[PDB]
Asker: 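Starting off with a structure, shown below.
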Amino acid sequence: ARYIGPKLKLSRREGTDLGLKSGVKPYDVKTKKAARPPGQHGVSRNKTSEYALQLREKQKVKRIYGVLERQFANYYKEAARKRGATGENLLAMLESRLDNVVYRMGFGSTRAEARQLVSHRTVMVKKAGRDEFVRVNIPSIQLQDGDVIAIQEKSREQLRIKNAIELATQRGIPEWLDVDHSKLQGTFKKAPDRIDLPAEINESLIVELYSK
Amino acid sequence: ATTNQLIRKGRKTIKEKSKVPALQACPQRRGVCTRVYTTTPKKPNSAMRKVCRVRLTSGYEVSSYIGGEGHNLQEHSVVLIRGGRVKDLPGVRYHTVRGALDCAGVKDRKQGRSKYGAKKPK
Amino acid sequence: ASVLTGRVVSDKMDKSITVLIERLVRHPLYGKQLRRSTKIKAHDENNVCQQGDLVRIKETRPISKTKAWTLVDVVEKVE
Amino acid sequence: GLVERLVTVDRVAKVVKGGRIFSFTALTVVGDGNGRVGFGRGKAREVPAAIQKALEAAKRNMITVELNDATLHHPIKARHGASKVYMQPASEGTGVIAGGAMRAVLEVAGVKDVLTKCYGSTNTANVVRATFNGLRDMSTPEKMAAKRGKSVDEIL
Amino acid sequence: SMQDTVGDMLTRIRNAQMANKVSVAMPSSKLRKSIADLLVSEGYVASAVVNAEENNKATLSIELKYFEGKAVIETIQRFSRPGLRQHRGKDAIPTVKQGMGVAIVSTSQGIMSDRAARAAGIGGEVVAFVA
RNA sequence: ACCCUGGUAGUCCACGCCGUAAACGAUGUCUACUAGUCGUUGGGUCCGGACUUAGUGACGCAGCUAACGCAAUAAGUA
RNA sequence: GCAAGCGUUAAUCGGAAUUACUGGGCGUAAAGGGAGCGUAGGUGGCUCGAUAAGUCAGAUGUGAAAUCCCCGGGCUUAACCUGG
RNA sequence: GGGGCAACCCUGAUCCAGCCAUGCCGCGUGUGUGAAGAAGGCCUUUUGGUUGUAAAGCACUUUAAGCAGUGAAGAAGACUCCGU
RNA sequence: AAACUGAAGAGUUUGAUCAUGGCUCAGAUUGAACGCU
């Protein structure tokens, strides 16, 4: 499954911007909220707890990447099984997801549209070494070093990708991705680093939530 | 407890018996209501709690609680029984499953309907 | 083959001796070793050794209902 | 830049002829974030005043701990009264695996990765005291080498 | 009765160090002198000398060290007591204080440090932990 | 019942049972080691004192203890 | 908060250092046997030798495969399968 | 795997298919934009808040399901002919 | 090269406290059943 309902109340509950809307206009005027979380009460008494902080951070990351609890707990399990920092590996996996990669490469205005673009078999992927693209419809496909992403020839002239590109131009393009707009192609040259990802997501909170 | 004493005698972990013997390590169990009555709770609380004495297929004759507001149970009613004791009812260690076999669900239940066997209103 | 060494605790059968084979066994949980002994019936064809000697026996085919070890070396006698 | 963390606030009562006199006890841990940490307790009839007194008492119970980067140098087992604490250095990215009372003092002292466990009584003040004692009694390889007289390479 | 000679020697050292004694003397044995020699070579005690007294007896005298007011021996605990002996392999010797301490190991090549036994690829009785 | 006046078993002896007590230091036995101070019992050796021994007490550091407290007669260190 | 599932009941381990080997206690919280003698057992002074059973190390044989873990590979991904 | 020289026969082993959310894993139930922030519900100090860009309206997309096509691999080349 | 990575506590005895100590809870798992879907 995936979240379908209104997106701005997610950011309102998180207290920050989750990039759930295209950057066509500032987040402040897009909602005139985010000073208070959704619902009747919002700003409340009886201050939050350590568990509340940990849960809110985990839900922040989950809602950023559109990933549900079972998938995200498998992500954490693999991240803790892999050599290195657990939170760093979890962020690396969530950023190596195919829908997030096409979002960051700019073919979708938002991550949900990028996911719906991948799922509808409009995005082709060429694994490093393989001399052939394949049409994939699995948004949670991880990309290795050197994987190439392309747009299906049937849908290269899309009136939504043609502004997702110009919006990505105004938002900023990561260095670990190489995008050719003329041929509508991208390359995942390397997994992103913790110094490249924003230093406002506290992954220590997630790692301490996932330890009972 | 020296090493020699531990090797000679050992440590002993006594095993706690089940709090729901009549189920015989089953999730639920079927019975027939041999009595449908009400009873008064323990000291802090006061009410007329609805209980049924039910004879299960396991050979036990136990007391189970009918939760929710209102029930259709009576003598010779075939009910399903699960674990879980009522805190203020002494001797009641089981709950009657509402909506299982012959115990009807709660009529106008809306919130926790699956806990009372109530179908989704359309 | 396999050779064991132990004292002779019984000899009162014909062509037969019981041998006490001591062994050290480590407790699986508490780590200490406990002295453990098994009585092994051995074949004493010539009825040589008496009770209290330290002898060596070796495994062979069954000789009787409970005898499958045979005397191979008397190393020390009682005092 | 002294980080102040309120561990516990509890309602205590004195009994007089008229009835009960309700005070308030607070426990705080303050820290530099690198190697300075100190705990303190405060009592007052109101929660803000108890917290302020706890903060001021914590600021004068300072010790200087020596971190191994962002973790401990060696495993520690410490105690205060019936409270026993175990602390173990962990790999980078583990986090402070600790429940509440240990976590307050460790995070405030600046430990980033540690495995902890409480045994015996988990009274918050006694647990904080035990963790404080373990941190204060922690030694470093350089200090051990200086103690013996050898070097950090003749003392692996 | 006294049935742990190594434990007695270690307790003597511990009690003298808690009492801020300059030196501790005890009846000497070759195993005690070897353990004291390892302590001297590890730098936990200043020296250890065996004075041969009369009646085929000997006194082991150990000079203790104090650094910055505190005792140099922070802790010294017997591991393999007579009632429960502990033997470990080369990769099973317990590390004391992450390696900043010493595990006294009596191996077939003599009594050495745990790090020395690990370097030699050897094991033996783990008699004490000194930190 | 407590109180008073009486009073039999028992209390005493011999020989057997009984095998229990807050049979307590509510602290198993045996070792070694760890500031000190003041009594006292039975010795010993010196010059009325000093030292030392085996008990038996009152204190009191370190250490231990939830606290009370224990503290060379440990509830300390093993 | 989970999500084509979500709850409840049953059951095992965990948290429980609450049988404590790792890793607990017994003056007063539960807990020193009324005291002793002692059998089996457990444990045990110093020095020089022998032995090598325990112990330690090495070699060799075995410890099926599957499973677990690590490095790869094949299903669009994953589950799954698979080489070492 | 059984029998037969073969042809071939037998094989409820097995390879498949059916039923079941019983589990694990994967995907979907749309995606963007959209304010005098519509109505209705709820709360309220009776006028504001909230449901909420949520809806409607616009602009798109068609994964899975459906319809129509095409279409590997699982097959080890039997028999027969020729040569050595 | 690697197999070498792992450890959280809370409530409840008291006017209040510390300790002791039981009971209860948060996790994981299932050849599961049941209720709603």
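In what follows, chains are A, B, ... by sequence order, proteins preceding strands, each numbered from 1. What's counted below: heavy atoms across the whole structure, side chains too, no hydrogens, waters or symmetry copies.
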Asker: Which listed nucleotide (I:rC34, I:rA8, F:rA78) is nearest to the side chain of B:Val97?
Answerer: I:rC34

Asker: Whom does H:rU29 pair with, Watson-Crick or G-U wobble, provided both distances fall under 3.5 Å?
Answerer: none

Asker: Is E:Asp114 paired with E:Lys90 through a side-chain N to carboxylate O contact shorter than 4.0 Å?
Answerer: no

Asker: Does H:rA21 stack on H:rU22, meaning their six-ring centres are under 5.5 Å apart and the planes differ by under 30°?
Answerer: no

Asker: So what does B:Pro27 touch, heavy atoms closer than 4.0 Å: a base, only the sugar-phosphate, or nothing?
Answerer: base

Asker: Salt bridge check: are D:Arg103 and A:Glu208 linked by an N-O gap of less than 4.0 Å?
Answerer: yes

Asker: Find out whether the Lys NZ or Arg CZ of D:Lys117 is both under 6.0 angstrom from the six-membered ring centre of D:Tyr86 and within 45° of the ring's axis.
Answerer: no

Asker: Would you state whether a donor and an acceptor, one from the side chain of D:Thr116 and one from the base of I:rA8, lie under 3.5 Å apart?
Answerer: no

Asker: Taking the basic N atoms (NZ, or NE/NH1/NH2) and the acidic carboxylate oxygens, is any pair closer than 4.0 Å for E:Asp4 and E:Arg78?
Answerer: yes

Asker: By the 4.0 Å heavy-atom rule, please label D:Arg79 as base, sugar-phosphate, or nothing.
Answerer: sugar-phosphate

Asker: So what's F:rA14 paired with, Watson-Crick or G-U wobble, going by both distances under 3.5 Å?
Answerer: none

Asker: Using a 4.0 Å heavy-atom cut-off, does A:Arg56 contact any base of the nucleic acid, only the sugar-phosphate backbone, or nothing at all?
Answerer: sugar-phosphate

Asker: Would you indicate, from the sign of the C1'-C2'-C3'-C4' dihedral, whether I:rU5 has a north or a south sugar?
Answerer: south

Asker: By the 4.0 Å heavy-atom rule, please label A:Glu50 as base, sugar-phosphate, or nothing.
Answerer: base

Asker: With a 4.0 Å cut-off, would you call A:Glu132 and A:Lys127 a salt bridge?
Answerer: no

Asker: Whether A:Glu69 and A:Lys62 form a salt bridge (side-chain N of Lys/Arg under 4.0 Å from carboxylate O of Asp/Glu) is what I want to check.
Answerer: yes

Asker: Could you run through nucleotides 11-31 of chain I and give me one letter per nucleotide, 5' to 3': B if any protein heavy atom sits under 4.0 Å from the base, S if only the sugar-phosphate is that close, - if neither?
Answerer: ----BS-SSS------S----

Asker: Rounded to the Å, how far apart are E:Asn20 CG and F:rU34 P?
Answerer: 13 Å

Asker: Partner lookup for F:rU56, please. Criteria are Watson-Crick or G-U wobble with both distances under 3.5 angstrom; report none if nothing qualifies.
Answerer: F:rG39

Asker: At 4.0 Å (heavy atoms only), tell me whether A:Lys62 reaches a base, stays on the sugar-phosphate, or touches nothing.
Answerer: sugar-phosphate

Asker: Which nucleotide, if any, forms a Watson-Crick or G-U wobble pair with G:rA31, using both distances under 3.5 Å?
Answerer: none

Asker: Taking for each residue the nucleotide of RNA chain G with the nearest heavy atom, is it A:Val134 or E:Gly121 whose nucleotide lies nearer the 5' end?
Answerer: E:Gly121

Asker: D:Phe22 ring centre to D:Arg11 NZ or CZ under 6.0 Å, with the angle to the axis within 45°?
Answerer: yes

Asker: Touch check for E:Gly123, heavy atoms < 4.0 angstrom, all strands: base, sugar-phosphate only, or nothing?
Answerer: sugar-phosphate

Asker: Nearest nucleotide by nearest heavy atom, which residue falls closer to the 5' end of RNA chain G, A:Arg121 or B:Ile81?
Answerer: B:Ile81

Asker: If you go through the side-chain atoms of B:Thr13, does one of them form a donor-acceptor pair with the base of G:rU19 closer than 3.5 Å?
Answerer: no

Asker: Look at all strands and tell whether B:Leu6 reaches a base, only sugar-phosphate, or nothing, counting heavy atoms closer than 4.0 Å.
Answerer: sugar-phosphate

Asker: Can we call F:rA67 and G:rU28 a base pair, counting Watson-Crick and G-U wobble only and needing both distances under 3.5 Å?
Answerer: yes

Asker: Just checking B:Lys87: base, sugar-phosphate only, or nothing, at a heavy-atom cut-off of under 4.0 Å?
Answerer: nothing

Asker: Which part of the nucleic acid, if any, lies within reach of D:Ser23 when heavy atoms closer than 4.0 Å are counted: base, sugar-phosphate only, or nothing?
Answerer: nothing

Asker: How close or far is atom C1' of G:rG1 from atom CZ of A:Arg13, stated in whole angstroms?
Answerer: 12 Å

Asker: For RNA chain I, what are the stems built from at least three Watson-Crick or G-U pairs in a row, each pair having both distances below 3.5 Å?
Answerer: G:5-9 with I:32-36, I:9-12 with I:22-25

Asker: Would you classify F:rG36 as syn or anti? Syn applies when the glycosidic angle is within 90° of 0.
Answerer: anti

Asker: What contact category does A:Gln59 fall into here, base, sugar-phosphate, or nothing, at under 4.0 angstrom with non-hydrogen atoms?
Answerer: sugar-phosphate

Asker: Confirm or reject stacking between H:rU46 and H:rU47, applying the criteria of under 5.5 Å between six-membered ring centres and under 30° between their planes.
Answerer: yes

Asker: Please tell me which of the listed nucleotides, G:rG15, I:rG6, G:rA4, lies nearest to the side chain of A:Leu68?
Answerer: G:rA4

Asker: Is H:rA35 a north or a south sugar when classified by the sign of torsion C1'-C2'-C3'-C4'?
Answerer: south

Asker: With both distances under 3.5 Å as the test, what is the Watson-Crick or G-U wobble partner of G:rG83?
Answerer: G:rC71

Asker: With both distances under 3.5 Å as the test, what is the Watson-Crick or G-U wobble partner of F:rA78?
Answerer: F:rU31

Asker: What is the pairing partner of F:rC51, taking Watson-Crick or G-U wobble pairs with both distances under 3.5 Å in any strand?
Answerer: F:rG44

Asker: Have a look at A:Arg63 and say if it touches a base, only the backbone sugar-phosphate, or nothing, with a 4.0 Å heavy-atom cut-off.
Answerer: sugar-phosphate

Asker: Give the residues of residues 21-30 of chain C touching RNA chain G, defined as any heavy atom closer than 4.0 Å, sorted by residue number.
Answerer: C:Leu24, C:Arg26, C:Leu29, C:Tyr30

Asker: Kindly point out which of G:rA17, I:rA33, I:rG6 is positioned nearest to the side chain of D:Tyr119?
Answerer: G:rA17

Asker: Does H:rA78 fall in syn (glycosidic angle within 90° of 0) or anti?
Answerer: syn

Asker: Taking N or O atoms only and anything under 3.5 Å, show me the protein contacts with nucleotides 22-24 of chain G, one pair per line.
Answerer:
residue: G:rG24; atom: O6; partner: B:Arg11; partner atom: NH1; Å: 3.1

Asker: What pucker do you get for G:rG72 when you go by the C1'-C2'-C3'-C4' torsion?
Answerer: north

Asker: Do the six-ring planes of I:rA10 and I:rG11 sit under 30° apart with centres under 5.5 Å?
Answerer: yes

Asker: If pairing requires Watson-Crick or G-U wobble contacts with both distances under 3.5 Å, which nucleotide is the partner of F:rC61?
Answerer: none

Asker: Select base, sugar-phosphate, or nothing to describe what A:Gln54 touches, counting heavy atoms under 4.0 Å on all strands.
Answerer: base

Asker: When you check the sign of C1'-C2'-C3'-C4' for G:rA16, do you get north or south?
Answerer: south

Asker: Counting just side-chain N and O atoms, does A:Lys82 come under 4.0 Å of either OP1 or OP2 of G:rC70?
Answerer: no

Asker: Establish whether H:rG52 and H:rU70 are paired, applying the Watson-Crick or G-U wobble definition with both distances under 3.5 Å.
Answerer: no

Asker: For G:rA16 and D:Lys117 - does any side-chain N or O of the residue sit under 4.0 Å from the phosphate oxygens OP1/OP2?
Answerer: yes

Asker: Taking the six-membered ring of B:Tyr116, is NZ or CZ of B:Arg109 closer than 6.0 Å to its centre and within 45° of its axis?
Answerer: yes

Asker: For nucleotides 26-40 of chain H, give me one character per nucleotide, 5' to 3': B if any protein heavy atom sits under 4.0 Å from the base, S if the only such contacts are to the sugar-phosphate, - if neither.
Answerer: SBBBBSSSS--B---

Asker: What does the list of N/O pairs under 3.5 Å between the protein and nucleotides 43-51 of chain G look like, with a distance for each?
Answerer:
residue: G:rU43; atom: OP2; partner: C:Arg35; partner atom: NH1; Å: 3.2
residue: G:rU43; atom: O2'; partner: E:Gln3; partner atom: OE1; Å: 2.4
residue: G:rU43; atom: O2; partner: E:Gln3; partner atom: OE1; Å: 3.4
residue: G:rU43; atom: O2; partner: E:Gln3; partner atom: NE2; Å: 2.9
residue: G:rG44; atom: OP1; partner: E:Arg85; partner atom: NH1; Å: 2.2
residue: G:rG44; atom: OP1; partner: E:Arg85; partner atom: NH2; Å: 2.9
residue: G:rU47; atom: OP1; partner: E:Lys30; partner atom: N; Å: 2.6
residue: G:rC48; atom: OP2; partner: E:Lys30; partner atom: NZ; Å: 3.4

Asker: North (positive) or south (negative) by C1'-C2'-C3'-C4': which describes I:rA26?
Answerer: north

Asker: When you measure only distances, ignoring hydrogens and angles, does the side chain of E:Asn15 come within 3.5 Å of the base of F:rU34 through a donor and an acceptor?
Answerer: no

Asker: Check whether any side-chain N or O of A:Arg81 sits under 4.0 Å from OP1 or OP2 of I:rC4, and answer yes or no.
Answerer: no

Asker: Just call it for B:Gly10: base, sugar-phosphate, or nothing, with non-hydrogen atoms closer than 4.0 Å on any strand.
Answerer: nothing

Asker: Have a look at A:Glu69 and say if it touches a base, only the backbone sugar-phosphate, or nothing, with a 4.0 Å heavy-atom cut-off.
Answerer: sugar-phosphate

